[PDB]
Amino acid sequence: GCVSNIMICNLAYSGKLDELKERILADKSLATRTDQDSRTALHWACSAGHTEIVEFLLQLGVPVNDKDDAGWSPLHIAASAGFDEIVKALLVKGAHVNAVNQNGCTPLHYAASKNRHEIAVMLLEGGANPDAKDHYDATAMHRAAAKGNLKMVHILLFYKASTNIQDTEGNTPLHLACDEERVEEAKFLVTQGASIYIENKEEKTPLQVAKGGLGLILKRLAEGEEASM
């Protein structure tokens, strides 16, 4: 193991809860020292999924919103890693749902990207902004649509995420779904308002991006929606 220059953070990552308890209770200041990457024992326990070490640190009242030097908060780390129980304990203690890291991502970007449905819901229920944009103006839906995470796209739409935000290459989630052949995602999106008209930076709409079978289907769906609704 041995991921940090600070030994109490290695105990946190290692899951050595009893040793970690004995050292911190001997000198409580140790629970919040930051290591060379500006992580504390809380970041590392989240990173390794040791729920019990997280509960001991939150029981002591340590800060739950501090970021490491790449701007990752304990909530980002747990949400991307898929710690449902850790995510949940963090939120109960006030973790900031819209915190952003150095790539401009919120924890929902990572939950959406990695198909963490239950965590995405906890986040959105906790007030996360579905429309947060990262440093390339990409949203959680760009991630989910690109990757083919259909149910994640359903959950985002349910919390009212916008479907027509353009990243810096001018792509909406629909262009990404078309580009990677995410057929059901593309269809669901058009059925919920994604426009088949928006052009990205290369002057292409999602239809010009799509293979022809898909483009025909989306076209049809788009005229369906423009006729009714």
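Residue positions are given as counts along the sequence shown, with the first one as 1.
Of the two segments, 64-72 and 197-205, the one listed with the higher mean B-factor is 197-205 (C-alpha atoms only).
Highest CA B-factor among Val54, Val190, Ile165, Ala48, as stated in the entry: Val190. When the C-alpha B factors of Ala111, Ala145, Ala89, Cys105 are read from the deposited coordinates, the top value falls at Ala89. Remark: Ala177 belongs to the middle third of its chain, ranked by C-alpha B-factor as recorded. Ranked by C-alpha B-factor against the other modelled residues of its chain, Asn101 falls in the lowest third. Among all modelled residues in this chain, the alpha-carbon of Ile77 has a temperature factor (C-alpha) in the lowest third. Among the modelled residues of its chain, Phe83 has a C-alpha B-factor that falls in the highest third according to the deposited record. When the modelled residues of the chain are ordered by C-alpha B-factor, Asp37 sits in the highest third.
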